[PDB]
């Protein structure tokens, strides 16, 4: 970027950003902990989604030390519905590491900060530049799109050769006077003007520096690979109540998909032997007798890498003794306390409507 007017670019970009900067709860100060929380929440989650989640999370957990001293089940419930739940398990372990090894002080050296769980190349850049003014690039989806258009990068943005190149661009053009504002400005440009479809080049403050605008190839950039079809997984789900009114739920294991979350009992059903497969599964628990009615709904629930096809079977349960872990009976009132994945919150809504 020898022929690039970095200083002219920075002036127009930072002048735009001051005018159009959105009022977001994590922009009210530069507390390293609060910045870190917002940036983790923001990973692969849109700003408008994150806003109410951040507001409530910081209410329950106002300080790094409050999050460290808290129980993992309360931490998980405060993320309920946001998706990619290991972010919060990672964040929770990381803040414990900071309380121990670092005296509660978020490290300001990138190598030490990046070593914390949950902190990748994007989050090192975003937290350190905002909270401490470290000139580290914060290259997210927004930035990759903007830079591939400004500088006509035609290579798949998923390659490391391309990532290293975006990083090297940011180090050349960044305003080392205010690296936090520079990083948040490039992102904000990608979010509000230089958008994935139909970018607003005519309202763009840096139109005169953009190579894709000049060549008329903006909407063809960035280069990303089309998504390949994902496996469909049939799943039978039982909503079982008893004479007293309590419902049978169970806690998922701590490894893999939707870990440590609660669900209604379920099982894979290649074919349509779900009424049978469920009865065989519930009865295999100690002193548990069960009889299920016909299904009441079937809906899909999408994950990034697979798609669940849920069928809900109501039923009733008789227990001759204590229900063995991982299972548990819960009155309908106590359900709102447990953390459920979105799929199973909908299972429950469809069962209450049916009744």
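Residue numbers count along the first chain shown, from 1.
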Self-check item: Stretch with the higher entry mean CA B-factor, where the candidates are 284-292 and 53-61
Solution: 284-292
Quiz item: On average, which has the higher Cα B-factor in the deposited entry, 130-138 or 268-276?
Solution: 268-276
Quiz item: Based on the PDB record, which member of 147, 158, 206, 247 exhibits the highest Cα temperature factor?
Solution: 247
Self-check item: Highest recorded Cα temperature factor - choice among 183, 168, 154, 86
Solution: 154
Exercise. Consider only the C-alpha atoms of the modelled residues in this chain, order them by B-factor as the entry records it, and name the third containing residue 316: lowest, middle or highest.
Key: highest
Exercise. Taking the chain's C-alpha temperature factors as the reference, tell me which third residue 48 falls into: lowest, middle or highest.
Key: lowest
Self-check item: CA B-factor placement of residue 71, once the chain's modelled residues are sorted into thirds
Solution: middle
Practice problem: For residue 341, return the chain-relative third of its C-alpha B-factor as stated in the PDB record: lowest, middle or highest. | Solution: middle
Quiz item: What third of the chain, by the recorded C-alpha B-factor, contains residue 261?
Solution: middle
